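Only one chain is shown below, in structure tokens, and it's the form deposited in one PDB entry.
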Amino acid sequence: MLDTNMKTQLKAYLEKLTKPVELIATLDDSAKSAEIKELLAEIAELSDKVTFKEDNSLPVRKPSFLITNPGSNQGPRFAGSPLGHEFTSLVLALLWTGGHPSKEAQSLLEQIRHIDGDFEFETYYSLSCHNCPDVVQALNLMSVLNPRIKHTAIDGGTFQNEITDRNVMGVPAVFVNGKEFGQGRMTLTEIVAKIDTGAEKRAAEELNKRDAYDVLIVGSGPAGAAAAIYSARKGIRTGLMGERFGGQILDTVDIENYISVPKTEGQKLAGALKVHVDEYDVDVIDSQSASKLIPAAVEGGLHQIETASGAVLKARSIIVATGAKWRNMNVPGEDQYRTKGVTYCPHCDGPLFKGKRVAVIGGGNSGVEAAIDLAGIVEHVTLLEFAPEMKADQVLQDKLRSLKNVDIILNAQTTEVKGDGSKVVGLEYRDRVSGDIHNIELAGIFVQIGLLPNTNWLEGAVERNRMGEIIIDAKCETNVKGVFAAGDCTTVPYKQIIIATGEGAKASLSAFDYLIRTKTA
């Protein structure tokens, strides 16, 4: 059935086999069966690595044959004649079964190899169809690669019954698991995309595929964004990963101390940050949390960051910019009146309360100094301390107790923030000793209970001070070579947007200098 040319090419290609191949035929008494039996015997003659066997008891189309390895029943089946245009397909199926490599990208083949699901493909062709072979070959390859993907290529010229029955009006025509699948010149990639959709596959899988970063910035508030802009501007491979782009500013309304901008809003400032970052094609990763830092085992190595989602990213340098949580009172009304008189920051909102009465919650240094600060510009301040005594430095306590527009209330626990539906009008608190409930009328409540830097995930890796802050020097260096930190999560002494952005720029320039100096190759 092979002319002498086809036969000369085949002996050559068959030399390329590294594994034995069996051709297992299941035949009837038709001339077509005789033709197939002749072909398979002629192929087996061309190589000791190919053997032809017959099993006419099998419950499969007649004539058909399986291409497989000894001991195995895996591989493509041709039903009817595999010559005409399909000769190339037959040869390729032999080569692949016998160990010769495919020319497809190995990542694609590995994907096919590990497709989880059972798929029985059937493809109708005709011998004179110029376009069929590419499709037959793609599905053949899939069946060689994955025992759960089966393929029977069917010669419509032999099984004309099925052509009419299934109303196949054009070829190549593909079926899967009893349903029509597609027609025409589809590619292996397109076929896989249809059966292995990637629908509802986690971002973590994709994150594991990322190459190593030159710098990976963890946290995407103003410090991280600044760092990302400075880094990408130098042309290095810059990743910026964070839980929520924008950080704390996203949840604030009015901002009047972002230097050069008399008044803006948090959401707008966050959006401006995103535009600035995106000008430089930073790889921005959102809704991910770093859960562990694995320090590089050698200078010039790679640091790694594990995510809570289970991914691992790698980088030559890291900038940690995870900021802080600002502790809440956790009382009714607090959330309702955030931005409407409940505030966590005297530097930010102090000026809004000129001529108003306010409270400060907390009698540590922050709270006491906040109270002394506010007492300079507001009508009246009441400081509430939960404990029986203030914790602030004695000089501050003495200074506060000397102000005439200040009341200090000890053993006081806020029980509710009160407003009028739009703004704060007072607060209610309980004396923790007597249990008595009291009320103060006011327009503002400055919560000064404490900050919780977002740094517990670094315990044991990066040195932190007694308050949880990452210890940095003026260059934003930490105790780990190639790890830098910027913004509120650090020992930087004040926590403001303009301060954080400055620090992010510094940390970025330090990381860059570090990269220059550890390319000692």
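Each form is matched to the other, and the largest set of C-alpha atoms that superpose within 1.5 Å is called the rigid core. We number the residues from 1 along the sequence you see. Only residues modelled in both forms are compared.
This next part talks about the form deposited in another entry, which is not shown.
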| item | value |
| --- | --- |
| CA of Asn69, rigid core aligned, shift of 2 Å or more between this form and the one not shown | yes |
| Threshold 2 Å Cα movement between this form and the one not shown at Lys268, rigid core reference | no |
| Sense of CA distance change between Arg316 and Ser107 in the other form, threshold 3 Å | farther |
| Moved runs of 3+ residues, each with a C-alpha displacement of 2 angstroms or more between this form and the one not shown on the rigid core | 1 to 201 |
